[PDB]
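To start, the structure itself, in structure tokens.
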Amino acid sequence: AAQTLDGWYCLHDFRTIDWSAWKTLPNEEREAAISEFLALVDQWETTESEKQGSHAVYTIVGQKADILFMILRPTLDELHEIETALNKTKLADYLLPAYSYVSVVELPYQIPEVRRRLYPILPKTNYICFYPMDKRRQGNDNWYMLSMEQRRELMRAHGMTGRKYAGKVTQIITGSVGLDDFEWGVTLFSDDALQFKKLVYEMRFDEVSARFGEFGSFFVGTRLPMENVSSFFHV
Amino acid sequence: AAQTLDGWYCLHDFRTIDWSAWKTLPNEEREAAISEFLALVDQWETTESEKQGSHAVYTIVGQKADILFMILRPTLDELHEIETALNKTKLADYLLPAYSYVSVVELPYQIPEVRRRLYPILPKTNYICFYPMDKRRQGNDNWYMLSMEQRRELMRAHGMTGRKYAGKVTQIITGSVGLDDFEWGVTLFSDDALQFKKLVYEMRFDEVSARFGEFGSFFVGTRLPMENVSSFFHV
Amino acid sequence: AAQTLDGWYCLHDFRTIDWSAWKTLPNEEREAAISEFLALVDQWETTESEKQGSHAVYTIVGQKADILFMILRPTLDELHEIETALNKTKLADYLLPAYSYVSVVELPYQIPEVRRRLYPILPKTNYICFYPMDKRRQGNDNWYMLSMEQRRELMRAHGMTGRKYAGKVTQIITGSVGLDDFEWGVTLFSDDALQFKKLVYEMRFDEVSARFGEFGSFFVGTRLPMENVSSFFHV
Amino acid sequence: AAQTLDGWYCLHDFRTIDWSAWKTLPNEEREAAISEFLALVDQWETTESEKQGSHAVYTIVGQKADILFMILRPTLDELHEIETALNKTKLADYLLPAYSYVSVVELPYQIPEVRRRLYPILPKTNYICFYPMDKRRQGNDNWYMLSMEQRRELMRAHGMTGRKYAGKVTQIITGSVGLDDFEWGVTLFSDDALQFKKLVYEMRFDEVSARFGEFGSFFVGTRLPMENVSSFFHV
Amino acid sequence: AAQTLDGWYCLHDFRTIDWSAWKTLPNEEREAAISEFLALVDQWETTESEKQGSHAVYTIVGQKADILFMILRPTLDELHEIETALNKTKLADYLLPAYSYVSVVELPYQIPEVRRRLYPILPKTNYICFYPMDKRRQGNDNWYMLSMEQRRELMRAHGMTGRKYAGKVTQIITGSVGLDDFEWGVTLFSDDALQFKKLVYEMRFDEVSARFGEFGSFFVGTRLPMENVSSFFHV
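Residue numbers (the numbering used here), protein chains in the order written: chain R, 19 to 253; chain H, 19 to 253; chain W, 19 to 253; chain F, 19 to 253; chain L, 19 to 253.
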């Protein structure tokens, strides 16, 4: 348990858009609100350029959420700062809270492969899928009640399923034990959203998922380039 | 798990109607909003005609939802586009979110029987029933923990129950592993809504349903022809 | 499973009253809204007189709901029509959705017995109690996993407990498999509400309830005569 | 199961206060609304004096609710009447629904010790705690599946734990099988709120609680004398 | 069970900020509301100085809540008084309810180490994490069904894991049996939020957590100094 290495804190902030209200907001006002929010992301972009954090914005299909901001920042206080700056934008008046998830990129810190994984510049893939997950602690199938080695063996086949879908789906696992409601947040990024269905389903036929996986809601969405943001809020 | 073939993405967008607000909206305005939404579906109809997707609109009985749009589009980005165009209609100001489900028509692609099932023109039946379902991964009854063959045998009797209610109920199963909260979305279409009760109950006495079925909410509704849409929103 | 006989579809539409709003609505307007809703029920009453359906209105004690309309109509499309006509009344602007349940009176059809049970004129008893119920499909206690005969034997004692409380409580069971979220909707009607506590508690000490009963929310209420409707909405 | 004796119906009506709205309401209007609600309770007080029912008002700590009205009335129709008169007060416009629980004081009727317990004048103790509870019907630990005698023995030690905390905590158990969502509503009244923690925790180490207790939300609050009501709503 | 010693009642009042509304509130009005709330905390600060209670304000990351007031007061009536004074501030019009938890600092009273633990001046650490927890009473893993000694042994290793993370994370456990929905509220305070992930994860690999831990939502946040309050509400 002490073996996990810790990178960036990660907030997935999912919001819903109050389209009805947003439409009522005059055109020039709506335009400014987009500008304001764009300049905010422009700040985030500067942070990403300095390798001092990362974000992704995705519009989420379905009604669970409309848009996801995923922010990775070095400190949790930075995360809070971002959430709060977001919330105090005009646009955010129309971005109602939907679901949020705090977690920390988890896996020596100096090693480049670790460095990349711990401080990950989030992939600008067409699609993203997020779900929080737990390991079941339920009766016979109690992950925590397992042997270190049994756990290791369980995770061995899970590594294999992941590895099959590498070069298709990038997987960012964030640990959220004592940071949020589940134990891990799994974010996948693929240029093909079906690869998400493929990866997560194949994974379920691993003893680890089959037996121990308790998962939360799945959110999938499509990358919202910032050039596409004005368009998306056009009413 | 790799054997499943993948057709159209499917969004079931269930909304509730805010009748009270809708009534307050002036008559000519309400009329325009219907026109606007009708022209939207007219777009969808064109897509269906080009065999480039499919939709169904059903009004849902009960309070879980008032109306369901079920859209099947080739890409998930198309789905999102539709949801977002819907949401940015006047009418949608009054169609509050109720429940949504994303999933992919799942069952080589070239073969007509597959082609029809993968890219299904949704049946214009009097009634529809939707429920998302899982296979239980709970203790002894852990579907995922099952043998491939045991699974196959389980599904054998389920095929038989389905087949009894073929020519009554059309069944569109969409897999939603890593696309939404459950694993499958089951949509049934029948000209008789009782046949839904008949099919789903008989199915529950199959070991597969009995033992492994974890189901979500059931929604049933009646086809809303577009000629019937102006009528339905008449206040 | 194919042995069940099917009567009327049944909607239990529970609403809450927005008293605060209702009070703000001017007196003459409120009066008209009552008149309008009364004339609606007058329609329903005509349907009941023609033996072409049935309804009951009860005010529900507690905060789960304020009023229940229970409508039994031959077709589900009729049900929808009623819900939608209700919703498009003035009064319904103040009758917020609370909970709803669709189901079909279930128990050859030609026999005058069975006819009565399938097409039941709902009893004008002082009180009503509704709860949706399932049979547990959980581990060892999996009703569906049971023998037909074991089921029969289980239901034998349940019949006996029911029968003790016949001539006190009328029981309308509606099956809702593939019509709603649970498998049965149980509606009881008694002139004494305690008889509900008596019946449902005694039932729980039957193996069938004890072992297999998974129940939903219980709603109990008092019959709202239509002569009492103007009074009840007096503010 | 038929051995339980039945006293007053009991409604616990928990509300939340919409302070923000309440503040906006002019002073003289707020004053009248307090007066109106006070005169309502004055009615309830008259009922209590005639031994024809009982109430308690407590302000509830925490955000689950702000205030609880607990009303015990002979008939359920009386309960409804009270709820509805409450709801149609000005003050109630600001007392949003939070949670409610209907149940019947349960424990021959003529005997004074029964009479007192069945028709209980609720104790004017500094604090109250309410929680609804069930007996587990889950697998091995299925209360209902138990022997009458085993149940009796289970309840024997529970009686002992209760009895230790008698003269500290008054316990009003109301049965709510087929009246609400759980099977019992437990209301405790003590002049010391810690005695609630003491009683309910010690109880959990009884096989009955340990094994069979499924409990709902706990609400604790402080007695709101009616002389303290004007003060409490002062803004 | 009688061995636990009881200190201050503790309310964790988590609120969400209605930023949109707050922005609409004029500047001078918003300024006054901050002043008003600051003067309130100034009252709390005086209480803390007199050692007659304690508070902490933290802004919570994520959408579960925006801000947490944690108040420890000697009596529950004091707690209520505080909640109600908070709620009747201008600022609180914009601090919507999010989640609340009442509980009592639990661990002879005269002894300083007990005194400190029972009447704890909450640590002014950069971060806080709160989660309510239960001990599982589920089947085989029924804590309550355990031997006193087995429990003691279980808690022995839990003490060891805690002790490793002492001098990093301060842990305030509050018992809430019969005060709220779970049995314990765990509040951690660390200058490093990762130490929370570290402590709670390592704890899960203790039989006690692994087997018996049923936990609620986790909230983590950052200390909001009162000099930082004006800033935080700046719009």
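All residues carry an ideal CB built from backbone N, CA and C; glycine is no exception.
Under a criterion of Cβ atoms nearer than 8 Å, the residues of chain F adjacent to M163 of chain L are, in order, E225, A228 and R229. Distance from the CA of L104 of chain W to the CA of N144 of chain R, rounded to the nearest whole angstrom, comes to 45 Å.
Residues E220, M221 and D224 of the same chain have their beta carbon placed closer than 6 Å to that of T179 of chain F, with the five preceding and five following residues left out of the count. At a cut-off of 7 Å between beta-carbon atoms, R133 of chain R makes no contact with chain H. At the C-beta level, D198 of chain W and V122 of chain W stay beyond 7 Å of one another. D60 of chain R counts as exposed, since fewer than 16 other beta carbons sit within 10 angstroms of its beta carbon.
Taking 7 Å as the CB threshold, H98 of chain L lines the interface with chain F.
For the stretch 71 to 100 of chain F, residues whose beta-carbon sits nearer than 7 Å to a beta-carbon of chain W comprise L94, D95, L97 and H98. Taken through DSSP and simplified to helix, strand or coil, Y162 of chain L comes out as coil.
Residue-level contact check: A211 of chain H does not touch chain R, since none of the beta carbons of chain R fall below 7 Å from its beta carbon. Burial is judged here by how many other beta carbons sit within 10 angstroms of a residue's own beta carbon; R174 of chain H has fewer than 16 and is exposed. Here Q21 of chain H is exposed. Its C-beta has fewer than 16 other C-beta atoms within 10 Å. Within chain L, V79, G80, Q81 and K82 have C-beta atoms less than 9 Å from the C-beta of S118 of chain R, given in sequence order.
Taking a beta-carbon distance threshold of 7 Å, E171 of chain F does not count as an interface residue toward chain L. Residues of the stretch 191 to 202 of chain R that bring their beta carbon within less than 7 Å of a beta carbon in chain L comprise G193, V195, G196, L197, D198 and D199, in sequence order. Secondary structure of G196 of chain R (DSSP, three-state): coil.
For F251 of chain F, the CB contacts under 6 Å within the same chain, skipping 5 residues up- and downstream, are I52 in chain order.
Straight through space, the alpha carbons of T240 of chain F and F207 of chain W are spaced by roughly 38 Å. Under the DSSP assignment, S72 of chain W falls in the beta strand (DSSP E) whose first and last residues are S72 to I78.
Among the CB atoms of chain L, none fall inside 7 Å of the CB of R222 of chain R. In terms of beta-carbon proximity, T64 of chain W stays away from the interface with chain F, with every pair separated by 7 Å or more.
For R154 of chain L, no CB of chain F lies under 7 Å from its own CB, so it is not counted at the interface with that chain.
If only complete runs of 3 or more residues are kept, the stretch 71 to 136 of chain W shows the beta strand (DSSP E) at 72 to 78, 85 to 91 and 113 to 124, in order along the chain. Chain order gives the chain R residues near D31 of chain H as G80 and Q81, where near means a beta carbon separation below 9 Å. The beta-carbon of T107 of chain H is placed no less than 7 Å from the nearest beta-carbon of chain W. C-alpha of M88 of chain F to C-alpha of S38 of chain W: approximately 22 Å in a straight line. If you compare the alpha carbons of W:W161, W:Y183 and W:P150 with that of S235 of chain W, the shortest gap goes to W:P150.
Secondary structure of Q21 of chain H (DSSP, three-state): coil. With respect to the 7 Å criterion, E54 of chain H and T102 of chain H are not classified as neighbours on the basis of their beta carbons. For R133 of chain H, same chain residues with a beta-carbon under 8 Å away, outside a window of 5 residues either side, are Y127 in chain order. Our two residues, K215 of chain H and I78 of chain H, have alpha carbons roughly 16 Å apart in a direct line. Not a single CB atom of chain L sits nearer than 7 Å to the CB of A51 of chain R. When rounded, the separation of the alpha-carbon atoms in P115 of chain W and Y183 of chain L is 50 Å. Membership of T205 of chain H in the beta strand (DSSP E) is indicated by the continuous run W202 to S208. Per DSSP, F55 of chain F lies in no beta strand (DSSP E); the unbroken alpha helix (DSSP H) holding it starts and ends at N45 to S67.
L125 of chain F has its alpha-carbon roughly 28 Å from the corresponding atom of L242 of chain F.
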